[PDB]
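Single chain ahead, written as structure tokens, the form solved without the partner chain.
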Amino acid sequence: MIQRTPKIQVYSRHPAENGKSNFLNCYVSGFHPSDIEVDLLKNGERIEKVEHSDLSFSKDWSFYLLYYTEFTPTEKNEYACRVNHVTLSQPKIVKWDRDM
């Protein structure tokens, strides 16, 4: 058996087709087992309108999850990713660094 802690990256992107849109992205990588809970948070509250989630695996071993949604960042709001996994003793919260 193997278990691996997820690596978590939070960042923003503009689709080149559009430019108008800004997307908040949580990239959760290299984890095992695949059981996982992932949420985007605004000011601490769960964002239930998350339009996109892509899951893949490399070898039979490690899993990769891209979780993202459109958003409009202001200075007044905090955005974060929350991840719970069997390898974590407590949910991990990773805050969005505003120029990433």
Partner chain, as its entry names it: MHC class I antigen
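Residue numbers count along the first chain shown, from 1.
Judged by mean Cα B factor in the deposited record, 18 to 26 ranks above the other of 78 to 86 and 18 to 26. As listed in the deposited structure, the average C-alpha B-factor of 60 to 68 and of 28 to 36 is greater for 60 to 68. Ranked by C-alpha B-factor against the other modelled residues of its chain, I8 falls in the lowest third.
The discussion below concerns the form solved in complex with the partner chain, not included here.
Taking a 4.5 Å heavy atom cutoff to the partner chain in the deposited complex, the contacting residues in 43 to 59 are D54, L55, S56, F57.
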